[PDB]
Amino acid sequence: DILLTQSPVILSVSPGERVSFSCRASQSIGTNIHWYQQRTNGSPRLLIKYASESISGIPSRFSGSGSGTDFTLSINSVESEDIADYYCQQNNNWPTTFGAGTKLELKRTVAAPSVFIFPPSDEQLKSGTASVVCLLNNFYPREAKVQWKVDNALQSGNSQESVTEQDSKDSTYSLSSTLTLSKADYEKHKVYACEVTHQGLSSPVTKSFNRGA
Amino acid sequence: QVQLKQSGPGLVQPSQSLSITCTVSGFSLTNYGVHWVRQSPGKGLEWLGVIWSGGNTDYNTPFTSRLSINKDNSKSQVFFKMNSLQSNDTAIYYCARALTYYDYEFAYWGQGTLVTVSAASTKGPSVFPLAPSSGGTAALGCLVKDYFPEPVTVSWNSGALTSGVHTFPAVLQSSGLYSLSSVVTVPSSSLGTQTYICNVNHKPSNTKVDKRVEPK
Amino acid sequence: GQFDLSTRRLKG
């Protein structure tokens, strides 16, 4: 099979800048290469066919070049909505094969998160488990620290984090931190605190509630 | 316009067979071939095979013995079947159509079907409210907890509410069950006039829940 | 560098 090596693995640029993707083949494949875009929960979207030919409905900032073994997908001026993964495909030799993809990330100014805390619902408590959720909304850059304290006790190992992909419009992230306790444990304590550390904040932000009120 | 729509996602047991139906419209299976591609953690995008306008099939080499593709032209349906799955066959499977009848530039894709190869049992989620309690913007959400397998779909107010929605990637709990939350920020002044509902659908369990989310 | 089934995005 033709092996397709895409590079680099991650690309990071700012809107308006130009960006190029490399796709190199293990042997010559003429101009028989196609490019695809993939967003979150999406199917691949055909961008270019035969190295350089336009696709209907595809913005003109997308172009491609190359022949032989060395191919380039280019975006002459990047838009926030171009946040995605990009793949190449060869079909000079059977079977058609794909490369492993390059990730496109966007730079932007620092944005501090808006932090919210949610106690567990009385509905969940009926099951014998408490979930405490801490939301960090619309921040940049990705790196953030969430520290959980229950009655001033540092919590460790009993929380899980989930981060969205960059927003296609403002290029921010959002993050949820979920602290999971047994109901018995949750009822033995009072003060539940989520403390957030981020480059965009001049000192950490704490959101807390007292069980009950 | 041209469309391909696949059957729902779900569970296949170790060593058992996988079946997906691709229903097309906007063109005729008598004029175009339909391809199958999957996308997996270990191998990425992988081309599996094709059924051509006139009924012929090609299968990529590592699948010639466990793969079969058939179709019904009149019903515009293509049938994918693959035998003896192991866990590294867990992937998103797509049907796809090329631009020209004989070619491989894949301009049209199905929405995909996430296939989990597992001995475990299907389990629907419980849905819990993340109740609003800051510049007149309030945040509220739904906690979609303890389901298997992936995926679950979340939307707000039957699709009418999209702005400010963040639906987080599912995370796998030590119990082997998944969890995720979906949040949204709204004007606090609308908490007394607007209703906020997360529409939750977990197809592998046919669990489908609307959760109203209110200040508590 | 690995496809993530949850998100359909590359992750490491």
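Just so we're on the same page: letters track the sequence lines, and every chain starts at 1. Only heavy atoms go into these numbers, but all of them, side chains included; no hydrogens, no water, no symmetry mates.
Between atom CG of residue B:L172 and atom CG of residue B:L177 there is a gap of 8.0 Å, rounded to the nearest 0.5 Å. We find the OG-CH2 distance between B:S182 and B:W156 to be 5.5 Å, quoted to the nearest 0.5 Å.
More than 12 non-hydrogen atoms from other residues, nucleotides or ligands lie less than 6.0 angstrom from NZ of B:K123. Within a 6.0 Å radius of CD in A:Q199, other residues, nucleotides and ligands contribute 12 heavy atoms or fewer.
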ring-ring contact (aromatic ring centres under 6.0 Å, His included) evaluation trace for B:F80 with B:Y93: CA-CA 10 Å; B:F80 180 94; B:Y93 291 74; 5.8 Å; yes

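Because its NZ or CZ atom is both nearer than 6.0 Å to the ring centre of B:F27 and within 45° of the ring axis, B:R97 counts as a cation-pi partner of that residue.
Residue pairs meeting the salt bridge (charged side-chain N to carboxylate O under 4.0 Å, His left out) criterion with at least one partner in residues 140-162 of chain B, sequence neighbours excluded, are absent.
B:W109 and B:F106 have perpendicular rings, their planes meeting at more than 60° on a 0 to 90° scale where under 30° would count as parallel. Taking the six-membered ring for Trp and thresholds of 30 and 60 degrees, A:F139 and A:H198 have ring planes more than 60 degrees apart, a perpendicular arrangement. B:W52 and B:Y104 have perpendicular rings, their planes meeting at more than 60° on a 0 to 90° scale where under 30° would count as parallel.
Shown are B:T21, B:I20, B:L18; of these, the side chain to side chain contact (heavy atoms under 4.5 Å, CB included) with B:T113 is made only by B:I20.
Partners of B:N199 under the side chain to side chain donor-acceptor pair (under 3.5 Å) rule, at least two apart in sequence or in another chain, are B:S155, B:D210.
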